[PDB]
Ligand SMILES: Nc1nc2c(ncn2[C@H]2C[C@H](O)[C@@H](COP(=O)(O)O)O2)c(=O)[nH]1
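One chain follows as structure tokens, the form solved without the ligand.
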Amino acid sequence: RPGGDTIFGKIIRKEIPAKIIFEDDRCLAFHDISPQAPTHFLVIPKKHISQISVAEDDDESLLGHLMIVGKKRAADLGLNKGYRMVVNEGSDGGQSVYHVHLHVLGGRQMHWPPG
């Protein structure tokens, strides 16, 4: 099945419910069920890429699209004071699901370091 069988692949195919914000032919934005900020959503490609460390050179446009969609959805959600975008890679990055995802967090002051 297209997208794979991680929870994110299932969400892409409407097999597991999610609170969807935005969808286009390349990606999907939906709210994180364990939010770490007052607003916390994910932008994922529909194409299955397990982790950023294995993304291909020709995935540049798609990865950039995640960020453009993230910033547009953040504006649509009224995050007018700003936000933080995060991609986790692997164990040290805290990556929970092996399907590439961009976190977008806002609605409060984010702190430094970023974890």
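We number the residues from 1 along the sequence you see.
Just so you know, the form deposited with the ligand bound exists too; it's not on screen, but the next bit is about it.
Of the residues given (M85, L63, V54, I33), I33 alone sits with a heavy atom within 4.5 Å of the ligand in the deposited bound form. Interface residue remark: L42 is counted as part of the site for the ligand in the deposited bound form, having a heavy atom within 4.5 Å.
Contact annotation: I11 falls within 4.5 Å of the ligand in the deposited bound form, judged by heavy atom distances. Looking at 99 to 114, the residues that come within 4.5 Å of the ligand in the deposited bound form, counting any heavy atom, are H101, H103.
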